[PDB]
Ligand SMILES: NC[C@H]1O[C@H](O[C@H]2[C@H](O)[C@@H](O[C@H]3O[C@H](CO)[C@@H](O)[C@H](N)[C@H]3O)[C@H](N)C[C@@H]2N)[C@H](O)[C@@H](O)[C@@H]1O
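The chain below stands alone, shown as structure tokens; this is the form solved without the ligand.
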């Protein structure tokens, strides 16, 4: 009788061939359900992450609210079952960006894509957005994650050259250097593994747990980080800002990139 999914959800997915996603970049369990005529995806998060930006329930609320606003998968079924938040969704439309630009010398293409994403985001009306992921909320969550050992451990943070010696040290800095915020729609984890492209245009967004209201520099900083991680040429960072048509605010960019090292 003890199961992580309900009998109702089990019936909906029995006909599919379960292939667990190998990435495992988050505490969530992700499953591709290979069917005869389509694939579905089931994302699950345990009770320890209930209410946090990692909670897939969060992720369903944003998916529903984002329908008609951004290209997102369809919510086929959601439920809370024995502490688990279970989200059954349709397969995103298009090609995963990390795949589309995998072995391809064209950093400029993903830059153009990021620019496009930031553009689309700034057009989204957040007046009735389900979640506000301002720094007060994010830091309170981070505090909880740290205290309960639920924050992700970037094993690279153990290397001797890392600035902050421990998670709290970084947290105290984030708490102290909290920049001013101007809320706009924020994806929360604008990476090439969460974005889909079809015919040059963005075709889908997933991993929406941190989606909601947040400063504009949050997603922008994420992009700066991605640009630098893939290529050691800072010229592409300037290209990105040329495309956005704005001046980089390095203090805010550094801040949000730092905030991410605990997520």
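Residue numbers count along the first chain shown, from 1. Here the rigid core means the biggest group of C-alpha atoms that line up within 1.5 Å when the two forms are laid on top of each other. Shifts are known only where both forms have a C-alpha.
What comes next is about the form solved in complex with the ligand, which does not appear here.
- Contact with the ligand in the entry with it bound, judged as any non-hydrogen atom within 4.5 angstroms, is confined among 177 to 185, 75 to 83, 155 to 163, 131 to 139 to 155 to 163.
- Among heavy atoms of residue 239, none comes within 4.5 Å of the ligand in the entry with it bound.
- Within this chain, residue 25 lines the site of the ligand in the entry with it bound, having a heavy atom no more than 4.5 Å away.
- For the chain shown alone, residue 100 is not a contact residue for the ligand in the entry with it bound, no non-hydrogen atom being within 4.5 angstroms.
- In the entry with it bound, the ligand sits beyond 4.5 Å of every heavy atom of residue 36.
- Contacts to the ligand in the entry with it bound (heavy atom within 4.5 Å) from stretch 235 to 263: 260, 261, 263.
- In a rigid core superposition between this form and the one not shown, 154 is the single residue of 112, 99, 154, 143 whose Cα is displaced by 2 Å or more.
- Core-superposed comparison between this form and the one not shown: residues with C-alpha shifts of 2 Å or more form runs of three or more at 1 to 3, 152 to 162.
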